[PDB]
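Novice: Could you have a look at this structure, given as structure tokens, before my questions?
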Amino acid sequence: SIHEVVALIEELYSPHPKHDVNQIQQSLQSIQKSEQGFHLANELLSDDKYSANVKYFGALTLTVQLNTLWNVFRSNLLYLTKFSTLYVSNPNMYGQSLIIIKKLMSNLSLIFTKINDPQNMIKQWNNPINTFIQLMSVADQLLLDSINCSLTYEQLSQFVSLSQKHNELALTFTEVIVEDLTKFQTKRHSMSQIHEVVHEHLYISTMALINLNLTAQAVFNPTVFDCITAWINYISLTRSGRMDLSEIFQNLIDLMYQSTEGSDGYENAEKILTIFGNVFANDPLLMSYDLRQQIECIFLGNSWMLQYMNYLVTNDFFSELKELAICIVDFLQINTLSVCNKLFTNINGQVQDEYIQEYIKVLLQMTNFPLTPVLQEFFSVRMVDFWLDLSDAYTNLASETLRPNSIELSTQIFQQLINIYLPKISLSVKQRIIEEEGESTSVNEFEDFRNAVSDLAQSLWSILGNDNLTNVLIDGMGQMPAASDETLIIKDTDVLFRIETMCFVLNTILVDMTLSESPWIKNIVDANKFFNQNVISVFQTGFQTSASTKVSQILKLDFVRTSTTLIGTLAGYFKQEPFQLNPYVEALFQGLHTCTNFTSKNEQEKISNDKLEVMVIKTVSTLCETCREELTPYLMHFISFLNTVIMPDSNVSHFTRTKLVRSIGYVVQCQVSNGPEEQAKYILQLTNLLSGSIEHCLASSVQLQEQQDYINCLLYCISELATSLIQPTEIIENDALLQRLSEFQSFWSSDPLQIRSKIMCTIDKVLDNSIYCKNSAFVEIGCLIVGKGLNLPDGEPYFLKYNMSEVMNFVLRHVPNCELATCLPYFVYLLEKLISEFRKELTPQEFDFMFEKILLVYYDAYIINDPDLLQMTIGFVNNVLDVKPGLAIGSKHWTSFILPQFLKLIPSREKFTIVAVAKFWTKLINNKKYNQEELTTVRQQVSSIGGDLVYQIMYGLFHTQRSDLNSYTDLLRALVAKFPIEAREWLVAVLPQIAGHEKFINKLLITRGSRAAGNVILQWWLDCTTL
Amino acid sequence: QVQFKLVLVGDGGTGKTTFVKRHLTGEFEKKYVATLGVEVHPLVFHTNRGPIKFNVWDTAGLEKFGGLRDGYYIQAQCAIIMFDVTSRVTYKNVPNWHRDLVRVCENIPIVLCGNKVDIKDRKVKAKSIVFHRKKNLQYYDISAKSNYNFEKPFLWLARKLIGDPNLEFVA
Ligand SMILES: Nc1nc2c(ncn2[C@@H]2O[C@H](COP(=O)(O)OP(=O)(O)OP(=O)(O)O)[C@@H](O)[C@H]2O)c(=O)[nH]1
Ligand SMILES: [Mg+2]
């Protein structure tokens, strides 16, 4: 049968097989295990004629020790034997036969970890290296018995490295062992026992072999590097016994610094730098202070390091230079707190000043590195994080320990820092990137770099303030005309890039501010006659750009994006000084008019046109959000312009329609100085426009994709209008409304103009059409419109505030006709908004009504086997428990439906369903909004279903994974916190249904009470998984 | 046409089966039934230089269901490692899968995919990922529910497996 076994093994690994590889691999899984599966691996490895894939399948079939106590010895013996065969055949050869050896090594690692494990056979296998290495010195099977835990002389260890492949195999074997132990540690937390036997036999010989490779010429083998990292990663996960590595680090430093261009082409240099970068980025304290200071001297300095960097830049080895930069920054970022201390606080008077100021000078000098960013060097890129951490350290220092020159020196340093970074993030850099690489990932990295620098500038504001940062940017930008020509096109590319980067960082600094707490912004802009002119000229220059190339197109987008966001953030300034706003508004709408009447159809210049258009409209809406009172003179004009573009036959975009309606609504919202009637006139005009456009579209054409998109646009316009008319929650100067509050409260409560009825009759006409009610997008926007007025501050005279009935009628009119699986979440979220709004008026009868009509009648044919909707229903019940628990406790479906159904969903296999039902039961147990009667009844009810419940929990943990264990703990723990007496009454009956260790947890889960479960739980799950 | 063996590995969950099912039929599976061993499925992509098909070996992430495990990696020509950005423990096992792959196929191209980006309670940020050091290894944020970076890991693979950074997958 072995020949046919080999046949379908080969057929498994064939490029064009028949007989279905799925069934082939299933049949191969059937062979292992079996009566002969072990013997099959035997005969598969011992026969020379079998191919490499076939021998490796044999080695794999030996791995089935997971399928009583002495067959383990049989498999161990076979691993050692076939190991020795295939490793003797290795030296007198060249290549191809190493992966089967690696597999045998991995399985010997698993054996190593099974024998040296708790829970008269044999208990010891101390040094697999010694065991391995005595088996080339070789009545026959009797050898393996004594060779097992046999000691090896360090001289005979070195004799084995007579050839190079012997050294390779010896290093690879320890590598494999610790790599598999690392894999086992990541998955499983029951090896604190074997880390000591590894510490006590394998560690010593491994360190000996590695150190011999590092110190002895003619025996060195680069595999040692792959070995070292392994043993580093293994030691890092144990604890950050103590395994040293300090001498290995010393010899790696020495071997690195012996690597030059003439010695070996810096190969060992880059290898040891990868090793040190691993150490520095993941566990840097693993290297002691003395060795770190040797590293510091080497990295910072004819000096070695410099001669390496030049080697990288002349040969254009920019990727290796990048990874070098990453390593150096991770190193420098170890001692940021001590550098911050040794600089700015006083806790060798100045011969350590002579050292650390030179340190800072060469760090600044390295940051400025004379190559273009991201395209050539990441030195400036990678340690924006260093300077960020250093500035955070400085700002967080104790105020009573700073040196007297701390402010001045920090200002000097962190101001030369921005002097460095501003040219680095110039759009000229991005221009060159796309000129030499196109729209690659280097531009994404460049955007990440500018955002990192912007965060750095925000951080530096707290050190530099406005005097030494923001005022510098505004003054340098506002004292000279960037384009004195009244065309306002910045004619010189260099001044254009410079002023754009300045706008970028100025924007970033200005967003952290609320430009109303201080007259600073008005005072500084009043001192700079050319500031607004230069902002507007940046906008015009970018937006009148003749986009000849795609480079120019993407740069045009960048310039207009910077300028527009800067205008939107200067909105607050505009409110303090409104007579400067009119040029911005005129420029924005002139550019919008340019966008719209632009009809040239390259089809890929119109996407850029629409991007420009949406930027423009976003910023006019952000200006209207803050300057709504100052923009009143434009209102009548806006409404007119809206009328000429609200039509479908316009080259405007739907998003700009919506944002234009929102900005108009912002301006209308503050028109309260007269009565409510004059404002309602504007609102009525807008609602009539929008609803009539919707109805005209619905009645004039068949609803193809164009008409559907237009209906969607108009529904979002209604939503934007509703949002813009919400009163701002923050108190504003001269409310005027506050004198008229009552007469608005009386006006919109009556709504003589029937705004609410018009709007929802429009929504109904949309969603009474079969084409749309099945569309979750339009269901969503309708529910949002109906829910704007819900949960607003009490007494707010909001125009579109629907009462409870009006809302449910809506959902009641449209859930029977929608596509449930996609649309019902929006209706349910609206009902949750409803029950939050009307929580004090609601009765359990009304809760049952809306729970029956909306959820229960659809539960079996639509919800029970749909994880999203099921999580939805669970969240609905949880929300009612958060808000008013008596609605669910007093429900006629509480014991009937909710408790039994949520009881069955506990052993769900979808993680968010698990966490939802766990949240449900935990809050049921721990809800603090209970009165005492509700608490008594809830304890009665949970005591009734407690056995079934604790069964469903334990049933879940039996089959679920480690990631979703915690979601059960919080649940289970809750029980023992509140029902500790029933708990074990419930545990002793459900645990045998799904022995000693079980009782163990029963004695140690209840003993803990709470907070430190899970740790008690997984040690149970790790027990009851193996069996 | 030309054919390439892909092996799809990663911890249980994370969404390997739903990933290949969205690529194969456009369906999105909401429920989680763990795979038993492997499932092999052909995925043909159309592009210049004719079509190319990846036969995808969707492996089981749960070791209890591992099946042949390492045996599926033999004769593999490319690999995709996948983790769940909402479950950080899946990201911590990535080097485990990586060494399990390269210990039998070391110089093959491997794409690392952070699935489920659509869930905005994301617990793994792109700056944390550092496994884009080498050239035979690439990272992508993908979402089998959102089609975000839908067929990009297959594009990068294809490009390296045939040897041209310009294919773009025409429809
Ligand atoms: N939100 C979100 N969920 C996803 C996404 N992809 C998959 N899922 C969910 O995650 C679960 C993953 O299931 P599977 O695809 O079978 O996971 P698997 O990789 O096959 O795991 P194993 O079979 O054990 O190897 C499914 O229930 C999906 O609903 C995604 O992109 N976004
Ligand atoms: Mg699967």
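Here's how to read the names in the structure tokens: chain A, B, ... by the order shown, residue numbers from 1 in each chain, ligand numbers from 1 in the order shown.
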Up to 9 Å from chain B, what residues of chain A turn up? Count only C-alpha atoms and give them as a PyMOL selection string.
Specialist: chain A and resi 12-15+21-22+25-26+28-29+53+56-57+60-61+99-100+102-103+179-180+182-183+186-187+323+865-868+909-911+961-963
Novice: Please produce a file of the residues just selected, as an mmCIF file, in the first residue's frame, where the atoms kept are C-alpha atoms.
Specialist:
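Output file part_28.cif is given in full below:
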```cif
data_model
loop_
_atom_site.group_PDB
_atom_site.id
_atom_site.type_symbol
_atom_site.label_atom_id
_atom_site.label_comp_id
_atom_site.auth_asym_id
_atom_site.auth_seq_id
_atom_site.Cartn_x
_atom_site.Cartn_y
_atom_site.Cartn_z
ATOM 1 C CA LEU A 12 -1.024 16.172 -3.790
ATOM 2 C CA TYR A 13 2.092 18.164 -4.725
ATOM 3 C CA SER A 14 1.559 18.134 -8.506
ATOM 4 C CA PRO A 15 0.851 21.351 -10.440
ATOM 5 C CA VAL A 21 -6.639 17.783 -4.230
ATOM 6 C CA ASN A 22 -9.129 18.417 -1.407
ATOM 7 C CA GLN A 25 -5.376 15.725 1.277
ATOM 8 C CA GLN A 26 -8.337 14.423 3.284
ATOM 9 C CA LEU A 28 -3.752 11.713 3.469
ATOM 10 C CA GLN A 29 -5.070 13.016 6.788
ATOM 11 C CA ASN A 53 8.423 16.096 -0.809
ATOM 12 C CA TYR A 56 9.093 15.463 4.190
ATOM 13 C CA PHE A 57 5.548 14.093 4.260
ATOM 14 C CA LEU A 60 5.334 15.298 8.966
ATOM 15 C CA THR A 61 3.446 12.055 9.606
ATOM 16 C CA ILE A 99 14.140 21.424 5.066
ATOM 17 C CA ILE A 100 13.504 17.792 6.052
ATOM 18 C CA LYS A 102 14.631 21.291 9.874
ATOM 19 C CA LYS A 103 11.324 19.455 10.278
ATOM 20 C CA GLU A 179 11.918 29.354 17.697
ATOM 21 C CA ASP A 180 9.417 26.570 18.370
ATOM 22 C CA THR A 182 8.780 30.958 21.221
ATOM 23 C CA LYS A 183 5.826 29.877 19.074
ATOM 24 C CA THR A 186 2.979 32.978 22.265
ATOM 25 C CA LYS A 187 0.094 30.506 22.012
ATOM 26 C CA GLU A 323 17.001 50.715 7.843
ATOM 27 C CA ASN A 865 -29.313 33.386 11.721
ATOM 28 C CA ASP A 866 -28.032 36.895 10.899
ATOM 29 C CA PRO A 867 -25.208 37.983 13.240
ATOM 30 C CA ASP A 868 -25.571 41.710 12.515
ATOM 31 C CA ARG A 909 -19.219 31.426 17.433
ATOM 32 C CA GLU A 910 -19.294 35.048 16.225
ATOM 33 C CA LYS A 911 -17.147 37.188 18.498
ATOM 34 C CA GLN A 961 -10.677 30.206 21.422
ATOM 35 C CA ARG A 962 -8.252 32.162 23.614
ATOM 36 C CA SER A 963 -9.123 35.563 22.123
#
```
Novice: What does the list of residues within 9 Å of ligand 1 look like if you count only C-alpha atoms and all ligand atoms, written as a PyMOL selection string?
Specialist: (chain A and resi 867+909-911) or (chain B and resi 8-21+28-38+58-63+65-66+82-84+115-119+142-148)
Novice: Hey, what does DSSP flag as alpha helix (DSSP H) within range 19-79 of chain B? Can you give it to me as a PyMOL selection string?
Specialist: chain B and resi 19-25
Novice: Need to verify the contact set: residue 46 in chain B, 8 Å, only C-alpha atoms, exclusion of same-chain residues closer than 5 positions in sequence. Can you return it as a ChimeraX atom specification?
Specialist: /B:51-52,169-171
Novice: I'd like the contact shell of residue 948 in chain A - 9 Å cut-off, only C-alpha atoms, skipping same-chain residues fewer than 5 positions apart - returned as a PyMOL selection string.
Specialist: chain A and resi 903+953+986+990
Novice: Residues of the last selection are to be written out with N, CA, C and O atoms, as a short mmCIF file (atom, residue, chain, number, x, y, z; two decimals), in the first residue's frame.
Specialist:
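Output file part.cif is given in full below:
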```cif
data_model
loop_
_atom_site.label_atom_id
_atom_site.label_comp_id
_atom_site.auth_asym_id
_atom_site.auth_seq_id
_atom_site.Cartn_x
_atom_site.Cartn_y
_atom_site.Cartn_z
N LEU A 903 -30.24 33.28 26.32
CA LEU A 903 -29.59 32.16 26.97
C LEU A 903 -28.95 31.22 25.95
O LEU A 903 -27.86 30.68 26.18
N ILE A 953 -22.33 28.94 29.43
CA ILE A 953 -21.01 29.57 29.52
C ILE A 953 -19.91 28.53 29.34
O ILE A 953 -19.09 28.62 28.42
N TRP A 986 -24.37 25.34 40.91
CA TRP A 986 -24.54 25.29 39.47
C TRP A 986 -23.31 24.74 38.76
O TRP A 986 -23.44 24.20 37.66
N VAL A 990 -22.80 21.24 35.89
CA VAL A 990 -22.61 21.55 34.48
C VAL A 990 -21.21 21.12 34.04
O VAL A 990 -20.99 20.83 32.86
#
```
Novice: Would you mind listing what lies within 7 Å of residue 55 in chain A as a PDB file with C-alpha atoms, in the first residue's frame, with only C-alpha atoms counted and same-chain residues fewer than 4 positions away left out?
Specialist:
```pdb
ATOM      1  CA  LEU A  44       9.041   6.610   3.909  1.00  0.00           C
ATOM      2  CA  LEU A  45      12.151   8.145   5.491  1.00  0.00           C
ATOM      3  CA  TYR A  50      11.730   8.568  -2.237  1.00  0.00           C
ATOM      4  CA  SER A  51      11.741  12.216  -3.293  1.00  0.00           C
ATOM      5  CA  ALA A  59       8.683  13.505   8.638  1.00  0.00           C
TER       6      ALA A  59
END
```
Novice: Find the spatial neighbours of residue 1002 in chain A, counting only C-alpha atoms, within a cut-off of 10 Å - ignore same-chain residues fewer than 3 positions away - and output them as a PyMOL selection string.
Specialist: chain A and resi 983-984+987-988+991+996-999+1005-1007+1016+1020
Novice: Any chance you could list, as a PyMOL selection string, the residues in range 79-162 of chain B that come up strand (DSSP E or B) when DSSP is run on the backbone?
Specialist: chain B and resi 79-84+110-115+137-141+143+148
Novice: Generate a file of the selected residues that holds N, CA and C atoms, formatted as an mmCIF file, in the first residue's frame.
Specialist:
```cif
data_model
loop_
_atom_site.group_PDB
_atom_site.id
_atom_site.type_symbol
_atom_site.label_atom_id
_atom_site.label_comp_id
_atom_site.auth_asym_id
_atom_site.auth_seq_id
_atom_site.Cartn_x
_atom_site.Cartn_y
_atom_site.Cartn_z
ATOM 1 N N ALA B 79 2.484 33.244 -0.604
ATOM 2 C CA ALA B 79 1.775 33.084 0.657
ATOM 3 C C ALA B 79 1.095 34.384 1.064
ATOM 4 N N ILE B 80 -0.014 34.248 1.789
ATOM 5 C CA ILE B 80 -0.686 35.375 2.427
ATOM 6 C C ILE B 80 -0.878 35.044 3.900
ATOM 7 N N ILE B 81 -0.273 35.848 4.769
ATOM 8 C CA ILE B 81 -0.494 35.801 6.209
ATOM 9 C C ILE B 81 -1.555 36.836 6.546
ATOM 10 N N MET B 82 -2.468 36.489 7.452
ATOM 11 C CA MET B 82 -3.581 37.370 7.771
ATOM 12 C C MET B 82 -3.837 37.373 9.270
ATOM 13 N N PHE B 83 -4.141 38.555 9.803
ATOM 14 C CA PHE B 83 -4.497 38.713 11.204
ATOM 15 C C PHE B 83 -5.700 39.642 11.298
ATOM 16 N N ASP B 84 -6.273 39.715 12.493
ATOM 17 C CA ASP B 84 -7.432 40.555 12.765
ATOM 18 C C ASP B 84 -6.967 41.808 13.498
ATOM 19 N N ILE B 110 5.473 36.825 0.151
ATOM 20 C CA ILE B 110 4.451 36.719 1.182
ATOM 21 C C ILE B 110 3.819 38.090 1.366
ATOM 22 N N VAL B 111 2.492 38.141 1.343
ATOM 23 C CA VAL B 111 1.752 39.362 1.639
ATOM 24 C C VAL B 111 1.156 39.234 3.030
ATOM 25 N N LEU B 112 1.327 40.269 3.842
ATOM 26 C CA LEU B 112 0.721 40.334 5.163
ATOM 27 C C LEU B 112 -0.490 41.254 5.079
ATOM 28 N N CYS B 113 -1.627 40.794 5.593
ATOM 29 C CA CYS B 113 -2.894 41.496 5.417
ATOM 30 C C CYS B 113 -3.556 41.707 6.768
ATOM 31 N N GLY B 114 -3.776 42.969 7.126
ATOM 32 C CA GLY B 114 -4.559 43.297 8.300
ATOM 33 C C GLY B 114 -6.028 43.403 7.953
ATOM 34 N N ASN B 115 -6.788 42.352 8.243
ATOM 35 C CA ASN B 115 -8.181 42.301 7.838
ATOM 36 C C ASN B 115 -9.058 43.051 8.841
ATOM 37 N N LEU B 137 8.183 40.732 1.059
ATOM 38 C CA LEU B 137 7.146 40.781 2.080
ATOM 39 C C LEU B 137 6.511 42.164 2.061
ATOM 40 N N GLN B 138 5.179 42.203 2.092
ATOM 41 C CA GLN B 138 4.425 43.439 1.940
ATOM 42 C C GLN B 138 3.211 43.419 2.857
ATOM 43 N N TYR B 139 2.822 44.602 3.327
ATOM 44 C CA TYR B 139 1.647 44.776 4.165
ATOM 45 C C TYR B 139 0.558 45.542 3.425
ATOM 46 N N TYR B 140 -0.692 45.200 3.734
ATOM 47 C CA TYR B 140 -1.852 45.929 3.235
ATOM 48 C C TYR B 140 -2.963 45.884 4.271
ATOM 49 N N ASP B 141 -3.588 47.033 4.518
ATOM 50 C CA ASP B 141 -4.876 47.059 5.200
ATOM 51 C C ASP B 141 -5.952 46.617 4.219
ATOM 52 N N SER B 143 -10.111 44.716 3.916
ATOM 53 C CA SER B 143 -11.364 44.388 4.584
ATOM 54 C C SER B 143 -12.221 43.567 3.636
ATOM 55 N N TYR B 148 -12.030 47.153 0.769
ATOM 56 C CA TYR B 148 -10.954 48.134 0.832
ATOM 57 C C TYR B 148 -9.621 47.424 0.630
#
```
Novice: Find the residues around residue 189 in chain A up to 12 Å (only C-alpha atoms counted), leave out those fewer than 6 positions away in its own chain, and share them as a compact mmCIF listing (two decimals) with N, CA, C and O atoms, in the first residue's frame.
Specialist:
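Final output, saved to result09.txt:
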```txt
# COMPACT_ATOMS: atom_id res chain seq x y z
N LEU A 181 9.92 26.98 20.73
CA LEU A 181 9.55 27.33 22.10
C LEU A 181 8.91 28.71 22.15
O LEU A 181 7.98 28.95 22.93
N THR A 182 9.39 29.64 21.32
CA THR A 182 8.78 30.96 21.22
C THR A 182 7.36 30.86 20.68
O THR A 182 6.43 31.48 21.23
N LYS A 183 7.17 30.09 19.61
CA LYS A 183 5.83 29.88 19.07
C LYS A 183 4.90 29.28 20.13
O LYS A 183 3.73 29.67 20.23
N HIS A 195 11.59 26.71 30.74
CA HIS A 195 12.55 27.80 30.56
C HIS A 195 13.75 27.65 31.49
O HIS A 195 14.81 28.22 31.20
N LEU A 237 10.82 37.39 25.37
CA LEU A 237 9.47 37.02 25.78
C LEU A 237 9.42 36.39 27.16
O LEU A 237 8.41 36.55 27.86
N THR A 238 10.47 35.68 27.57
CA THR A 238 10.50 35.11 28.91
C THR A 238 10.36 36.23 29.94
O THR A 238 9.31 36.36 30.58
N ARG A 962 -8.86 31.38 22.55
CA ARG A 962 -8.25 32.16 23.61
C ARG A 962 -8.60 33.64 23.51
O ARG A 962 -8.66 34.34 24.53
N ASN A 1015 -7.40 34.56 34.77
CA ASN A 1015 -6.16 33.89 35.13
C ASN A 1015 -6.45 32.54 35.78
O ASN A 1015 -5.72 31.57 35.57
N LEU A 1018 -8.26 30.39 32.43
CA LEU A 1018 -7.52 29.77 31.33
C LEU A 1018 -6.74 28.55 31.81
O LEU A 1018 -6.66 27.55 31.09
N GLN A 1019 -6.19 28.60 33.03
CA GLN A 1019 -5.56 27.42 33.60
C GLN A 1019 -6.53 26.26 33.72
O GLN A 1019 -6.10 25.10 33.80
N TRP A 1021 -9.08 26.07 31.21
CA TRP A 1021 -9.23 25.79 29.78
C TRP A 1021 -8.01 25.06 29.23
O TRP A 1021 -8.14 24.19 28.37
N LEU A 1022 -6.82 25.40 29.73
CA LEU A 1022 -5.62 24.69 29.32
C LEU A 1022 -5.61 23.26 29.84
O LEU A 1022 -5.00 22.38 29.22
N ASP A 1023 -6.28 23.00 30.96
CA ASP A 1023 -6.41 21.62 31.45
C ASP A 1023 -7.40 20.83 30.60
O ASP A 1023 -7.04 19.83 29.97
```
Novice: From the set B:7, B:165, B:131, B:25, which residue has the shortest atom-to-atom contact distance to ligand 2, counting only C-alpha atoms and all ligand atoms?
Specialist: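 For ligand 2, the nearest of the candidates is B:7.
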Novice: Mind giving me the straight-line distance from CA of residue 274 in chain A to CA of residue 375 in chain A in Å, one decimal?
Specialist: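 According to the coordinates, CA of residue 274 in chain A and CA of residue 375 in chain A are separated by 21.3 Å.
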Novice: Could you work out how far CA of residue 335 in chain A lies from CA of residue 300 in chain A, giving the answer in Å with one decimal?
Specialist: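 Distance between the two atoms: 14.4 Å.
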